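Everything on this sheet refers to the single structure shown next.
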Amino acid sequence: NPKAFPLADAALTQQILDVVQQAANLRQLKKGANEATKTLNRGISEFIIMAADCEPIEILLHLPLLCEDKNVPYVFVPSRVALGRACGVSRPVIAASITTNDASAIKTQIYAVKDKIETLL
Amino acid sequence: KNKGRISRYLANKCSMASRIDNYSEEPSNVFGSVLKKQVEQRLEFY
Amino acid sequence: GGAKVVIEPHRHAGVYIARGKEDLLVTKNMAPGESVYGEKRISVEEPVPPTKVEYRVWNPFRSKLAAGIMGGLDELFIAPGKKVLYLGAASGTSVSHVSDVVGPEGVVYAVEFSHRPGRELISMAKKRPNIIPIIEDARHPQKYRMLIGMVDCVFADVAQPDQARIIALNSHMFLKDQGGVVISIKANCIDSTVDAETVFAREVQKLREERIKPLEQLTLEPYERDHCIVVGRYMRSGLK
Amino acid sequence: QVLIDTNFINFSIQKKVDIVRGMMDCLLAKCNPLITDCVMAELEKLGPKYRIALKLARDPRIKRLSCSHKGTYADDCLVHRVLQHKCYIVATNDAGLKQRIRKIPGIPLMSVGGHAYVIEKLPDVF
Amino acid sequence: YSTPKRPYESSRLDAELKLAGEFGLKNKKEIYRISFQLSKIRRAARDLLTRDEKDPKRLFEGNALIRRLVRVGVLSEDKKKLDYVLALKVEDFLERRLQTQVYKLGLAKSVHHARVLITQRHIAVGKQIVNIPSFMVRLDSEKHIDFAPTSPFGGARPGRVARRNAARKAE
Amino acid sequence: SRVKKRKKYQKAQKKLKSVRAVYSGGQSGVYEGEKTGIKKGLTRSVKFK
Amino acid sequence: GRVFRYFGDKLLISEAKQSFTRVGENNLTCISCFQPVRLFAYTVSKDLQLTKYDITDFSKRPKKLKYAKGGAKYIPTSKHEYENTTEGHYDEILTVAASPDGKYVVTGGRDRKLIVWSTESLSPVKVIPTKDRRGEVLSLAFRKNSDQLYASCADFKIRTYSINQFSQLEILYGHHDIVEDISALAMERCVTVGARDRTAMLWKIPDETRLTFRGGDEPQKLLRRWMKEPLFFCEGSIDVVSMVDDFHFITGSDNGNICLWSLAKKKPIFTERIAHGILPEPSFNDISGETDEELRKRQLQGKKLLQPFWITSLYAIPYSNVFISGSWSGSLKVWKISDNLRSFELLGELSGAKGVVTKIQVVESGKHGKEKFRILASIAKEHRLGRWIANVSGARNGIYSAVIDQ
RNA sequence: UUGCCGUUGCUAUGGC
RNA sequence: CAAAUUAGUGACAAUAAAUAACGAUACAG
Ligand SMILES: [Zn+2]
């Protein structure tokens with residue numbers, strides 16, 4: 001067991017990154033570590049994606065404890081660069097969060113990814 | 001101002017440093033050193 | 001924020017209501033002078049001079065058991081002298097409130113499997129001495145059968161699909177006859193292909209198949225969508 | 001998932017409707033039929049005239065619940081376990097049980113009528 | 001379309017109340033039309049289940065039915081089984097219409113704002129301005145629902161109210 | 001015909017707050033309190049059989 | 001037109017004259033060239049400057065001629081999407097395209113404009129906005145020997161223009177992510193690739209119809225195929241194209257794939273999995289923050305977070321037997337496609353280009369059996385769309401020209 | 001051979 | 001109670017849309 005433990009393999013990683021890109025287009029993604037912990041303590045979050053290769057790792061390992069407290073799925077993508085590119089911004093991000101919405105046109109996709117990463121976790 | 005936003009820069013770097021320091025099991029000093037270098041570069045830029 | 005409330009005992013023993021212009025579910029504080037997860041506190045001066053004892057606000061949006069209490073449960077089994085086996089003590093959020101409801105003469109065994117929540121559980125159980133933190137998987141009660149003996153109520157805030165088997169194993173090991181079984185069922189975490197009433201009906205059927213007679217269920221709807229608390233008692237002979 | 005009782009089974013065999021196939025072409029959905037132990041007790045107590053009905057209720061496609069009470073009053077058991085949970089269709093032909101079930105709200109009621117099953121309080125049948 | 005069996009029971013009235021209010025429908029005929037053809041769809045899928053495995057009808061019409069249901073978009077890509085066609089229902093069908101989709105994509109503030117945007121022609125999927133609200137967008141036309149370039153909520157020249165107010169304020 | 005069903009659904013989902021307790025969306029800001037009262041005598045939970 | 005220039009193994013490879021002319025522009029982004037039937041080239045940067053070069057002095061480095069630098073002066077005074085008719089670029093010029101006849105260069109970027117400049121003076125003759133808010137252009141390609149431009153705009157849209165008439169022909173829709181690259185030949189077909197939908201489409205533009213080609217490599221079946229006796233996996237995002245001839249093309253992916261596709265097969269004909277290597281893993285002094293090397297090694301999880309270089313430039317010489325791939329591995333690769341047109345193979349490398357290769361294309365010289373080409377490649381230290389790129393390992397913002405012979 | 005700056009060549013490199 | 005034909009008159013409520021959308025402020029209990 002490493003610190004960044006529940007890492008996803010390549011198929012789950014691309015499923016995660018595709019729904020991250022679609023939520024970023026639909027304004028349902030809060031990107032960055034302290035925005036992610038803000039939306040996590042506010043409770044509007046469906047799952048959090050941490051990238052398992054940033055330059056420290058505890059910098060985002062603070063978030064699994066928060067997700068565990070509030071029972072939110074969390075998953076580790078192995079590329080901060082690809083995560084930022086999926087988020088649609090011109091920088092690497094290390095953590096992102098899918099906020100809850102019921103007037104959301106990708107709710108089935110988000111729920112399927114939640115089920116996959118929760119059976120992983 | 002500059003004096004008002006160095007507080008915010010030092011705040012989020014200090015939060016980063018405390019996360020490193022808490023969740024690492026037996027910590028080093030090198031990332032506190034790098035963040036000190038970053039915040040002195042930011043204050044010397046002004 | 002600096003206002004004044006009146007503390008009043010609830011129907012449930014060990015928990016209180018602070019009436020103001022908005023009334024608060026409130027428990028006594030076992031470790032006076034600090035907050036555990038940032039809740040607000042109430043300090044009364046009860047009457048050697050009078051002593052400042054204090055109270056903690058139980059937040060129903062951060063506690064399934066408080067959502068159940070203030071939705072209205074006919075009988076909690078968490079009582080001021082009891083022993084509670086908390087399963088899924090995910091941090092010290094609700095375990096602190098269960099601990100000081102149970103009081104100094106009763107014991108809360110807080111079982112958790114992850115390790116950073118366990119570190120926070122041990123640092124909270126320092127200042128609350130009536131908490132025995134047990135860092136172990138609840139799916140194998142034999143791995144901690146040596147540390148716990150003869151609890152009076154089990155509370156289950158685990159969020160796993162093998163919930164009813166975990167509850168049944170821990171009850172058959174450590175619960176006594178006609179003891180309390182309080183379950184917080186989360187429909188979406190059990191399974192999301194069926195609806196919430198189907199999964200609650202199946203979980204209640206699983207409990208009575210493992211001979212825990214359900215007395216009561218409550219949906220706890222304004223605080224959590226598609227949750228439930230099922231309160232039962234461990235009948236052990238004759239659900240009929 | 002549909003709770004069956006004894007006169008629904010008797011009328012199914014009297015009208016020559018299969019249980020799971022009649023349920024499927026009534027609702028146009030996949031059905032799970034449930035025989036409670038009190039309905040099964042009532043079919044067994046009906047005697048050796050109703051052997052055909054008893055061993056058609058003994059069917060691996062028909063799943064079965066485990067009621068936990070004294071006595072074998074299936075109408076009480078069906079009414080209690082449906083007004084507790086509201087995730088059940090009640091398939092019945094008793095006039096009294098039909099009136100009880102259609103007085104408690106949100107519970108669809110299925111019944112043998114004609115040569116196939118009918119469903120009433122389920123608002124999405126087509 | 002066709003009317004239901006018992007059209008006036010209270011469960012059906014509260015059903016149609018929730019459907020018309022949650023999807024901004026004008027009358028019962030929207031629900032009855034989409035439910036009539038859904039009834040045909042899963043009445044067919046029931047017969048495809050009542051025949052056996054390795055039946056030619058079942059194999060070919062089953063994968064044909066689930067592939068064109070996936071391409072309409074009411075069925076996801078991974079559930080390629082034929083019992084999910086039975087689990088399908090009416091709001092899975094009228095979540096696919098253009099009024100619902102415009103509101104969910106957030107070009108409008110409610111389903112009624114979406115209906116008036118569509119009927120005032122500010123919405124074009126792909127190339128063509130669609131102007132009826134009950135359109136049943138597909139899984140490939142799901143992402144090209146945007147504001148029409150002939151419209152002031154796109155980038156075009158502003159309408160008559162805005163330009164008349166600009167002219168009168170220039171006077 | 002459309003605005004009538006818009007305004008009899010708004011009436012219906014305002015009546016639904018009376019019969020059930022509707023999940024409004026969770027905790028908005030700071031937990032202020034129950035804002036309406038706490039009854040210690042009423043138990044609104046479904047007993048079995 | 002099929003492949004009529006079979007010369008892959010023929011010309012020399014290993015001893016090219018490689019001149020890396022470094023220029024003082026932050027993050028060069030595109031390269032456009034020109035040959036009549038003197039040769040000019042064009043570069044453009046993230047510093048909002050277009051720069052004309054002469055390149056026809058073949059044995060030496062290119063020669064700067066003329067700047068054209070937009071800036072903050074060209075921000076429109078409206079913030080209104082159809083009066084975007086200014087005369088310069090105020091944000092992030094992403095692509096240039098020279099005319100096949102050479103009267104104009106046409107460029108555009110994230111300011112959702114197409115500015116068409118004259119060649120002889122680098123002056124903006126005409127401005128055509130893309131009339132909506134997200135209408136950033138990402139790739140431009142003229143169809144060969146023509147005056148018709150195909151721009152690929154991030155509205156999931158492809159706009160077409162006639163430049164000498166200043167008119168727009170046809171807008172054609174149908175990708176599912178942003179249309180990251182475009183490619184065309186003398187035919188009125190076109191080939192576009194959208195980024196994350198992992199499909200490449202080709203468009204009959206008069207008919208306004210398309211042929212789609214999805215990817216579809218899965219590490220389950222691929223690791224089983226190796227398990228019959230291994231660090232290779234699924235696909236991120238198809239990124240770059242070049243139409244080699246009028247029956248085949250080649251796609252550059254996000255996991256370092258280069259794939260060869262026909263006009264008659266949905267699934268690709270040939271793959272090449274790792275085309276530029278796998279990236280150097282982050283160091284133990286920059287992963288963890290513990291003290292001991294054992295825990296800082298445990299925070300690498302073995303091989304699980306090694307990510308491949310992604311091919312960010314691909315250029316097929318039209319109708320020829322050879323294409324060139326480039327990323328930030330430092331070394332361009334040259335591949336030739338086999339004469340049966342069902343595979344390609346690495347010939348050699350061009351290792352004098354330190355940085356990301358934001359553009360590759362070649363310039364011809366010599367006759368039908370004896371030929372020499374200069375491969376231009378725009379080199380930056382930052383990807384042409386966003387930043388995202390750490391470990392800038394000795395990169396410089398320049399033009400890597402190579403002179404290949406025989 | 002460039003935005004600066006260093007080695008420079010009497011042309012190539014490397015730090016921002 | 002459809003006596004006009006010498007592309008047009010001569011509907012059998014069969015067919016998809018509209019009759020409004022979005023804000024601000026005030027005053028009540
Ligand atoms: Zn029974």
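To be explicit about the labels: the chains of the structure tokens are called A, B, and onward in the order shown, and within each one the residues are counted from 1, while ligands get numbers from 1 in the order they are shown.
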
Please provide the set of residues having any atom within 8 Å of stretch 12-25 of chain I, restricted to only C-alpha atoms (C1' of nucleotides), with same-chain residues fewer than 4 positions apart removed, written as a PDB file with N, CA and C atoms, in the first residue's frame.
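Wrote it out as selection27.pdb, contents follow:
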```
ATOM      1  N   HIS E 112     -39.276  26.258 -19.033  1.00  0.00           N
ATOM      2  CA  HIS E 112     -40.146  27.188 -19.731  1.00  0.00           C
ATOM      3  C   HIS E 112     -39.347  28.214 -20.512  1.00  0.00           C
ATOM      4  N   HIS E 113     -38.223  28.659 -19.953  1.00  0.00           N
ATOM      5  CA  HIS E 113     -37.280  29.455 -20.726  1.00  0.00           C
ATOM      6  C   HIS E 113     -36.726  28.667 -21.898  1.00  0.00           C
ATOM      7  N   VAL E 116     -39.508  28.565 -24.638  1.00  0.00           N
ATOM      8  CA  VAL E 116     -39.671  29.791 -25.412  1.00  0.00           C
ATOM      9  C   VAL E 116     -38.425  30.123 -26.223  1.00  0.00           C
ATOM     10  N   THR E 119     -39.058  27.823 -29.340  1.00  0.00           N
ATOM     11  CA  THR E 119     -40.087  28.336 -30.229  1.00  0.00           C
ATOM     12  C   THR E 119     -39.787  29.728 -30.770  1.00  0.00           C
ATOM     13  N   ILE E 132     -39.282  23.181 -32.719  1.00  0.00           N
ATOM     14  CA  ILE E 132     -40.338  22.557 -31.930  1.00  0.00           C
ATOM     15  C   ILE E 132     -39.685  21.999 -30.672  1.00  0.00           C
TER      16      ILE E 132
END
```

Q.
At a cut-off of 6 Å, using only C-alpha atoms (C1' of nucleotides), what residues contact stretch 114-126 of chain C? Leave out same-chain residues fewer than 4 positions from it and give the result as a list in words.
A. residues 91, 92 and 131 of chain C

Dump as a compact mmCIF listing (two decimals), in the first residue's frame, selection limited to N, CA and C atoms:
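Everything below was put into out34.txt:
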```
# COMPACT_ATOMS: atom_id res chain seq x y z
N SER C 91 -14.91 9.06 11.69
CA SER C 91 -14.00 9.95 12.39
C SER C 91 -14.57 10.07 13.79
N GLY C 92 -14.16 11.09 14.52
CA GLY C 92 -14.79 11.29 15.80
C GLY C 92 -16.00 12.19 15.78
N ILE C 131 -14.08 6.04 25.45
CA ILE C 131 -14.01 5.54 24.08
C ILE C 131 -12.86 4.56 24.00
```

Q) What lies within 10 Å of residue E:1 using only C-alpha atoms (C1' of nucleotides), ignoring chain neighbours under 3 positions off, as a PyMOL selection string? A) chain E and resi 4+29-37

Q: Determine, counting only C-alpha atoms (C1' of nucleotides), which protein, DNA and RNA residues have an atom within 9 Å of an atom of residue A:75; residues of the same chain fewer than 3 positions away are not included. Present the result as a PyMOL selection string.
A: chain A and resi 4-8+47-51+117-118+120-121

**Q.** Proximal residues of chain E relative to chain C (only C-alpha atoms; 12 Å) as a ChimeraX atom specification
**A.** /E:79,84,87

Exercise answer, 12 Å around ligand 1 with only C-alpha atoms (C1' of nucleotides) and all ligand atoms, as a compact mmCIF listing (two decimals) with N, CA, C and O atoms, in the first residue's frame:
```
# COMPACT_ATOMS: atom_id res chain seq x y z
N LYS C 240 -41.35 -14.05 16.56
CA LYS C 240 -42.76 -14.25 16.77
C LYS C 240 -43.13 -13.97 18.22
O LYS C 240 -43.80 -12.99 18.52
N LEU D 3 -46.46 -9.43 -4.68
CA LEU D 3 -46.85 -10.35 -3.63
C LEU D 3 -48.12 -11.07 -4.04
O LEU D 3 -49.15 -10.43 -4.28
N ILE D 4 -48.06 -12.39 -4.10
CA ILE D 4 -49.20 -13.19 -4.54
C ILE D 4 -49.96 -13.65 -3.32
O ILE D 4 -49.40 -13.75 -2.23
N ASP D 5 -51.26 -13.92 -3.48
CA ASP D 5 -51.98 -14.67 -2.46
C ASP D 5 -52.80 -15.78 -3.12
O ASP D 5 -52.78 -15.98 -4.34
N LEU D 34 -43.57 -13.17 -5.41
CA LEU D 34 -43.19 -13.50 -4.04
C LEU D 34 -44.35 -14.18 -3.36
O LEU D 34 -45.46 -13.63 -3.30
N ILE D 35 -44.10 -15.37 -2.83
CA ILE D 35 -45.04 -16.11 -2.02
C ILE D 35 -44.56 -15.97 -0.59
O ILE D 35 -43.47 -16.42 -0.25
N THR D 36 -45.34 -15.32 0.26
CA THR D 36 -44.98 -15.30 1.67
C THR D 36 -45.27 -16.65 2.29
O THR D 36 -46.06 -17.44 1.76
N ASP D 37 -44.62 -16.93 3.41
CA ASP D 37 -44.81 -18.20 4.09
C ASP D 37 -46.23 -18.38 4.61
O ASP D 37 -46.68 -19.52 4.75
N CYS D 38 -46.96 -17.30 4.84
CA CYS D 38 -48.35 -17.41 5.25
C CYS D 38 -49.27 -17.72 4.08
O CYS D 38 -50.24 -18.46 4.24
N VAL D 39 -48.97 -17.20 2.89
CA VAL D 39 -49.71 -17.60 1.70
C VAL D 39 -49.44 -19.06 1.38
O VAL D 39 -50.35 -19.82 1.03
N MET D 40 -48.20 -19.49 1.57
CA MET D 40 -47.86 -20.89 1.37
C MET D 40 -48.52 -21.78 2.41
O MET D 40 -48.96 -22.89 2.09
N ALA D 41 -48.60 -21.32 3.65
CA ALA D 41 -49.30 -22.04 4.70
C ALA D 41 -50.78 -22.16 4.40
O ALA D 41 -51.39 -23.19 4.67
N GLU D 42 -51.35 -21.13 3.79
CA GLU D 42 -52.76 -21.15 3.44
C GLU D 42 -53.03 -22.11 2.29
O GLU D 42 -54.02 -22.85 2.31
N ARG D 64 -39.52 -16.40 -2.66
CA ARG D 64 -40.40 -16.47 -1.51
C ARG D 64 -39.81 -15.82 -0.28
O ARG D 64 -38.65 -16.05 0.07
N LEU D 65 -40.63 -15.02 0.38
CA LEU D 65 -40.29 -14.27 1.58
C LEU D 65 -40.48 -15.11 2.82
O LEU D 65 -41.01 -16.22 2.78
N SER D 66 -40.05 -14.56 3.95
CA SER D 66 -40.10 -15.25 5.23
C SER D 66 -40.79 -14.35 6.23
O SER D 66 -40.16 -13.49 6.84
N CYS D 67 -42.09 -14.55 6.40
CA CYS D 67 -42.84 -13.76 7.36
C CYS D 67 -42.55 -14.24 8.77
O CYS D 67 -42.36 -15.44 9.02
N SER D 68 -42.51 -13.30 9.71
CA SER D 68 -42.13 -13.57 11.09
C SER D 68 -43.26 -13.09 12.00
O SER D 68 -43.19 -12.00 12.57
N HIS D 69 -44.27 -13.93 12.15
CA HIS D 69 -45.38 -13.65 13.04
C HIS D 69 -46.04 -14.98 13.36
O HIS D 69 -45.73 -16.01 12.77
N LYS D 70 -46.96 -14.95 14.31
CA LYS D 70 -47.75 -16.12 14.60
C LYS D 70 -49.00 -16.10 13.73
O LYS D 70 -49.46 -15.04 13.29
N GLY D 71 -49.53 -17.28 13.46
CA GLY D 71 -50.70 -17.40 12.63
C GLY D 71 -50.39 -17.25 11.16
O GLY D 71 -49.33 -16.80 10.75
N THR D 72 -51.35 -17.67 10.34
CA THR D 72 -51.18 -17.69 8.89
C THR D 72 -52.21 -16.81 8.20
O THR D 72 -52.79 -17.19 7.19
N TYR D 73 -52.45 -15.61 8.73
CA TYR D 73 -53.41 -14.71 8.09
C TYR D 73 -52.68 -13.88 7.05
O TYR D 73 -52.03 -12.86 7.37
N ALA D 74 -52.81 -14.31 5.81
CA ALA D 74 -52.06 -13.72 4.72
C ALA D 74 -52.51 -12.31 4.39
O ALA D 74 -51.72 -11.51 3.90
N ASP D 75 -53.77 -11.98 4.67
CA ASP D 75 -54.25 -10.64 4.36
C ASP D 75 -53.64 -9.63 5.31
O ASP D 75 -53.19 -8.56 4.87
N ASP D 76 -53.56 -9.97 6.59
CA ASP D 76 -52.86 -9.14 7.56
C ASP D 76 -51.39 -9.01 7.22
O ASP D 76 -50.83 -7.91 7.29
N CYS D 77 -50.74 -10.11 6.84
CA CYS D 77 -49.31 -10.05 6.55
C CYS D 77 -49.02 -9.22 5.31
O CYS D 77 -48.09 -8.41 5.32
N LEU D 78 -49.83 -9.37 4.26
CA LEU D 78 -49.63 -8.62 3.03
C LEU D 78 -49.90 -7.14 3.24
O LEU D 78 -49.12 -6.30 2.76
N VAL D 79 -50.95 -6.81 3.99
CA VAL D 79 -51.28 -5.41 4.26
C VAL D 79 -50.20 -4.74 5.09
O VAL D 79 -49.77 -3.63 4.77
N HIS D 80 -49.70 -5.43 6.12
CA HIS D 80 -48.66 -4.86 6.96
C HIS D 80 -47.37 -4.65 6.19
O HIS D 80 -46.80 -3.55 6.20
N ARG D 81 -46.91 -5.68 5.48
CA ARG D 81 -45.65 -5.52 4.79
C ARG D 81 -45.76 -4.68 3.53
O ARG D 81 -44.73 -4.35 2.95
N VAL D 82 -46.96 -4.29 3.11
CA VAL D 82 -47.00 -3.38 1.97
C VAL D 82 -47.14 -1.94 2.47
O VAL D 82 -46.54 -1.03 1.89
N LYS F 49 -45.32 -3.84 11.97
CA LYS F 49 -46.59 -4.53 12.24
C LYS F 49 -47.48 -3.92 13.32
O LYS F 49 -48.44 -3.20 13.01
```

(Q) I need the contact residues of chain G against chain A, so if you could list those with any atom within 9 Å, counting only C-alpha atoms, and return them as a ChimeraX atom specification, that would help. (A) /G:196-197,218-219,233-236,282-283,285-289,295,298-301,304-307,385-390

Run DSSP on the backbone and tell me which residues of chain A come out as strand (DSSP E); list them as a CSV table (one decimal) with N, CA, C and O atoms, in the first residue's frame.
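Wrote result-v2.csv, looks like this:
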```
chain,number,residue,atom,x,y,z
A,29,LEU,N,-17.7,21.1,-12.5
A,29,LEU,CA,-16.4,20.7,-12.0
A,29,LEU,C,-15.7,21.8,-11.3
A,29,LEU,O,-15.6,22.9,-11.8
A,30,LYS,N,-15.3,21.6,-10.0
A,30,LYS,CA,-14.5,22.5,-9.3
A,30,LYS,C,-13.1,22.0,-9.2
A,30,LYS,O,-12.9,20.9,-8.7
A,31,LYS,N,-12.2,22.7,-9.8
A,31,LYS,CA,-10.8,22.2,-10.0
A,31,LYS,C,-9.8,22.9,-9.2
A,31,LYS,O,-9.9,24.1,-8.9
A,47,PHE,N,-17.7,13.0,-6.6
A,47,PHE,CA,-16.5,12.3,-6.3
A,47,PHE,C,-15.3,13.2,-6.6
A,47,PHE,O,-15.4,14.1,-7.5
A,48,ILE,N,-14.2,12.9,-5.9
A,48,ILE,CA,-12.9,13.7,-6.0
A,48,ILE,C,-11.9,12.9,-6.7
A,48,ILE,O,-11.7,11.7,-6.4
A,49,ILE,N,-11.1,13.5,-7.7
A,49,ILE,CA,-10.0,12.9,-8.4
A,49,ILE,C,-8.8,13.6,-8.0
A,49,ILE,O,-8.6,14.8,-8.1
A,50,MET,N,-7.9,12.8,-7.4
A,50,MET,CA,-6.5,13.3,-7.0
A,50,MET,C,-5.5,12.7,-8.0
A,50,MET,O,-5.7,11.5,-8.4
A,51,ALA,N,-4.5,13.4,-8.4
A,51,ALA,CA,-3.5,13.0,-9.3
A,51,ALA,C,-2.3,12.5,-8.4
A,51,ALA,O,-1.8,13.2,-7.6
A,74,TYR,N,-13.3,8.7,-3.9
A,74,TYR,CA,-12.1,9.4,-4.2
A,74,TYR,C,-11.2,8.4,-5.0
A,74,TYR,O,-11.2,7.3,-4.7
A,75,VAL,N,-10.6,8.9,-6.1
A,75,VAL,CA,-9.9,8.1,-7.0
A,75,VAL,C,-8.6,8.8,-7.4
A,75,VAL,O,-8.6,10.0,-7.5
A,76,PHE,N,-7.5,8.0,-7.7
A,76,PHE,CA,-6.2,8.6,-8.0
A,76,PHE,C,-6.0,8.3,-9.5
A,76,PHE,O,-5.8,7.2,-9.9
A,77,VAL,N,-5.9,9.4,-10.3
A,77,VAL,CA,-5.5,9.3,-11.7
A,77,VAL,C,-4.0,9.5,-11.7
A,77,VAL,O,-3.4,10.3,-10.9
A,95,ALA,N,-6.0,18.2,-8.1
A,95,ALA,CA,-7.3,17.6,-7.6
A,95,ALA,C,-8.4,18.3,-8.3
A,95,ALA,O,-8.4,19.5,-8.6
A,96,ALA,N,-9.5,17.6,-8.4
A,96,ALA,CA,-10.7,18.1,-9.0
A,96,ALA,C,-11.9,17.4,-8.3
A,96,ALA,O,-11.8,16.3,-7.8
A,97,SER,N,-13.1,18.0,-8.5
A,97,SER,CA,-14.3,17.5,-7.8
A,97,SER,C,-15.5,17.7,-8.7
A,97,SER,O,-15.6,18.7,-9.4
A,98,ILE,N,-16.3,16.7,-8.8
A,98,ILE,CA,-17.6,16.8,-9.5
A,98,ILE,C,-18.7,17.2,-8.5
A,98,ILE,O,-19.1,16.4,-7.7
```

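For the choices A:103, A:26, A:61, A:40, the atom-to-atom distance to chain B is smallest for A:61 when using only C-alpha atoms.
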
Interface rows for chain A against chain F: nearest pair, Å to one decimal, 12 Å, only C-alpha atoms, as JSON lines:
```
{"residue": "A:39", "atom": "CA", "partner": "F:28", "partner_atom": "CA", "distance": 12.0}
{"residue": "A:41", "atom": "CA", "partner": "F:27", "partner_atom": "CA", "distance": 10.5}
{"residue": "A:42", "atom": "CA", "partner": "F:27", "partner_atom": "CA", "distance": 7.9}
{"residue": "A:43", "atom": "CA", "partner": "F:26", "partner_atom": "CA", "distance": 7.8}
{"residue": "A:44", "atom": "CA", "partner": "F:26", "partner_atom": "CA", "distance": 8.9}
{"residue": "A:100", "atom": "CA", "partner": "F:25", "partner_atom": "CA", "distance": 9.9}
{"residue": "A:101", "atom": "CA", "partner": "F:25", "partner_atom": "CA", "distance": 10.1}
{"residue": "A:102", "atom": "CA", "partner": "F:25", "partner_atom": "CA", "distance": 10.5}
```

For the selection just defined, write its residues with N, CA and C atoms to a file, as a compact mmCIF listing (two decimals), in the first residue's frame.
```
# COMPACT_ATOMS: atom_id res chain seq x y z
N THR A 39 -15.52 22.65 -1.63
CA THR A 39 -16.75 21.98 -2.03
C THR A 39 -16.95 20.66 -1.29
N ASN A 41 -16.09 20.16 2.07
CA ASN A 41 -16.69 20.48 3.37
C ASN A 41 -18.04 21.16 3.22
N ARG A 42 -18.36 21.70 2.04
CA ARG A 42 -19.71 22.18 1.81
C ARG A 42 -20.68 21.07 1.46
N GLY A 43 -20.19 19.94 0.98
CA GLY A 43 -21.07 18.82 0.73
C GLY A 43 -21.58 18.71 -0.68
N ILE A 44 -21.31 19.69 -1.53
CA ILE A 44 -21.65 19.59 -2.94
C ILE A 44 -20.50 18.98 -3.73
N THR A 100 -22.44 18.17 -7.18
CA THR A 100 -23.74 17.55 -7.37
C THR A 100 -24.66 18.50 -8.12
N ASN A 101 -25.42 17.95 -9.05
CA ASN A 101 -26.45 18.71 -9.74
C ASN A 101 -27.47 17.72 -10.27
N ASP A 102 -28.74 18.11 -10.18
CA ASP A 102 -29.82 17.27 -10.66
C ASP A 102 -30.45 17.80 -11.94
```

Interface rows for chain F against chain E: nearest pair, Å to one decimal, 9 Å, only C-alpha atoms, as CSV:
```
residue,atom,partner,partner_atom,distance
F:1,CA,E:26,CA,5.7
F:2,CA,E:26,CA,4.3
F:3,CA,E:26,CA,8.1
F:4,CA,E:26,CA,8.8
F:5,CA,E:21,CA,6.1
F:6,CA,E:21,CA,5.6
F:7,CA,E:21,CA,8.4
F:8,CA,E:17,CA,8.0
F:9,CA,E:21,CA,5.3
F:10,CA,E:21,CA,7.9
F:12,CA,E:17,CA,8.5
```

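Residues in contact range of stretch 7-13 of chain H, defined as at most 12 Å between only C-alpha atoms (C1' of nucleotides), with sequence neighbours fewer than 3 positions away removed, read residues 18, 19, 20, 21, 22, 352, 394, 395 and 396 of chain G; 1 of chain H.
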
Q) Which residues, written as a VMD selection string, have at least one atom at most 10 Å from residue H:5, with only C-alpha atoms (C1' of nucleotides) counted and residues fewer than 2 positions away on the same chain left out? A) chain H and resid 3 15 to 16
